[PDB]
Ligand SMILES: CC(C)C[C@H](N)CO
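Only one chain comes next, encoded as structure tokens, the form deposited without ligand DCL.
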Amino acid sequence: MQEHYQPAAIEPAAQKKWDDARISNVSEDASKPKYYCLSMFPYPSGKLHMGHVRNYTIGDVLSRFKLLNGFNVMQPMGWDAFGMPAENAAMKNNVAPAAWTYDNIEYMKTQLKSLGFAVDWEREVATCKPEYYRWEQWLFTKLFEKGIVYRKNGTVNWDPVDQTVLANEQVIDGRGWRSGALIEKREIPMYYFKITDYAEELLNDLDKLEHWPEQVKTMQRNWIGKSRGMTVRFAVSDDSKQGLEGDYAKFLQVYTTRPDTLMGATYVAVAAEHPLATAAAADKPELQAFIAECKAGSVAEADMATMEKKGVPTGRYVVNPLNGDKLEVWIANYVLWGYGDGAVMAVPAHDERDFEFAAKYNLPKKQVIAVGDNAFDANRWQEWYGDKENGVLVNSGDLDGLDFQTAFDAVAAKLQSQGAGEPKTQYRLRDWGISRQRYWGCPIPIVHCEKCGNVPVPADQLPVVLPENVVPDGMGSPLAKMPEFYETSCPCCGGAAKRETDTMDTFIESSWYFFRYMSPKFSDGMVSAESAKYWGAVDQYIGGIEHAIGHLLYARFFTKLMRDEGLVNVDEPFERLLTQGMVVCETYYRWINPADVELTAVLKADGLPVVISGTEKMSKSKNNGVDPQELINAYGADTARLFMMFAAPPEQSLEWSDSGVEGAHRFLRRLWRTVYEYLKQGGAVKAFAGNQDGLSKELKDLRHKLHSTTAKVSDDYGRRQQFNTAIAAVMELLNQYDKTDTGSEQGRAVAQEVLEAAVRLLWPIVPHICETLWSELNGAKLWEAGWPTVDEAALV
């Protein structure tokens, strides 16, 4: 055994000793209990970043732990290969997106092998392979024929200069963020997942997710947005039926979730495209220009309520079917057309949004709900206004004194008896568009025929192969400019036909890849019939916090889709959910990267003083991206993982510090020297076992700290997922070992038990150095020894 810790000597040797026995290559073995640990799989950006190292060390800690407890542990790894970054790296660097993507993957696969993640590399997957995306092309056609996937004209944002569809996250003051040119709303056909058909199941099955964080569950419920409310019809007054036609001249229909406040409505609001707005603006230009203002706007859903609520009145009036008060119709910029009836009512006294609206326009505020003896301030908002569970009605005639639940059913009875109302279930959730007017994505298996319509490619001819010998220039979809691709014969008649030149949303691959891992080479379907049974669903999912409302919901949706096609049994894909914290770092300018910078703050190369700015998430914007490759080169893979799991709990954010990195290194040198100096003073012994009534009190108390730590470390991996405190518990166990005289026959057998357990508890964190130190203390296979057991006799 070497006297000093040389991680470059042991880490690659321990890795080949791990490939020799193939410990992480798992198969369907129903003898050992299965455990499917999954890390969110990365995009081939080029090289790994510090955020990647956290995610995959958290997952490797959990996997190496469960595996040490005798589990069949599947920890697969793949590549989210499609996406725009390969297209921009193609436009700039004059490479093909495929050639760029494959060059990126092989470097990152080397970096991952350098960190020692016990990944089943025999299940590796790349989404840009026809071996993979054929199955989402296959699922497309099956659901397309079933109607769950369909084609319809929706409105999109077109950038006329840079020539591509844009998302509202990229629309700044009506102009694209790259060209800066005024964008045009356009009605193009798109393919849609009918996720609204699965809205109720996607909601109720959240309840069965016992180990999901209710913080995340709540977010899904709100994006789904189920609401039990009332559909009310306000009759158009005889003085305002002009311009309208049919039912629009007879009445105005609204939906409300609080019809127990129908007596409190003081004004209604329609959308800009509502016929009421078109009839009123027929001669009023300020109304015409306001309707034009709302249409040009492209307010994102992430910023949907950030907009100042505005609106002009119409001069037209409707009649409340209850109190009979004649209310004025308003055009408003929050009533969305296509989001239900396209027109709402407004009770300023009990909706905070309608309160801020009425105060803006001096519109009346009729209180109809009272909650106790509280004073109603018609000029200040109070929390007891929007109450739905504790208020009884007032200023409502016969409805005074009912709870909201009885007042709901009461108003429903009156409105239904007239025909002016009805109760209705509604969902904020809208269908899912998956059409990307880009190239580097999964093509859509639809062939257009002027006689047969939009026919899908049959399973025979799948996959519809995406050409890799393409370099996007920048002007529009490169596939629409390739007749050698889109020119084909119609599969339903034989005539000339164009393939669909759009590609699917890169979200599609991420919504089912965890199922492909179970049988990544299976040629007869998405997931093998036999392997989806043994693995069931993912037992642990670790990833970032970005796009949880998006991705996590889609995986839940695809799972239920695939479950309705005999492919899988489970209703839910992920059992346990852990979201890591971002890895942040300080920023420097003169933006200078922290790697080539030193502190007093001067440049590493020139000694040129550069100023230090605030810390951001590790990004390329402010040049704070710390390269984990440089980190491994300095101290090694063990020091990297140890620091990542020690600086903070996985949920909490992580401040990168160069000294804290060096602190994790010195602990490993201390752990190295500790085991060495023990073996220098007389080799190895057999670890202590059994009754202790006979040991010295100085040793009885160390066996206490031992099996106290052995329990706290097990609890910190399996229950709390607090790997930082787990490292601290082992450190304390070591600190008392150093203060204890172990130079006796019994003192040695305890020091073995202390050290044989300490290396095993820290193995999931730092497997290389622990595997090495374990080999010097015991010749049994470390996994044959298993997770350290807790002796309760040492605790009493």
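Numbering starts at 1 and runs along the sequence shown. Take the two forms, find the largest set of C-alpha atoms that superpose within 1.5 Å, and that set is the rigid core.
Keep in mind the form solved in complex with ligand DCL is missing from the figure; the text below concerns it.
Though the partner is left out of this view, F507 does reach within 4.5 Å of ligand DCL in the deposited complex, counting heavy atoms only. Of the heavy atoms in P42, some are within 4.5 Å of ligand DCL in the deposited complex. Though the partner is left out of this view, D80 does reach within 4.5 Å of ligand DCL in the deposited complex, counting heavy atoms only. In the deposited complex, ligand DCL sits within 4.5 Å of a heavy atom of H547. Screening 663 to 671, 455 to 463, 539 to 547, 189 to 197 for residues having heavy atoms within 4.5 Å of ligand DCL in the deposited complex returns a single hit, 539 to 547.
This chain is drawn without ligand DCL; in the deposited complex, the residue among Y717, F357, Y513, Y385 with a heavy atom within 4.5 Å of it is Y513.
Interface residue among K481, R175, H551, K560 relative to ligand DCL in the deposited complex, by the heavy atom within 4.5 Å criterion: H551. Following superposition on the rigid core between the shown form and the other one, the residue from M645, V149, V73, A86 with a C-alpha displacement of 2 angstroms or more is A86, and no other. Once the cores line up, the CA of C442 ends up less than 2 angstroms apart between the shown form and the other one. Remark: with the core as the superposition reference, the CA shift of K705 between the shown form and the other one stays below 2 Å. Relative to the superposed core, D524 undergoes a Cα shift smaller than 2 Å between the shown form and the other one. Relative to this form, in the deposited complex the C-alpha atoms of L336 and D431 separate from one another by 3 angstroms or more. Relative to this form, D431 and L276 separate from one another in the deposited complex, with their C-alpha atoms ending up at least 3 Å farther apart.
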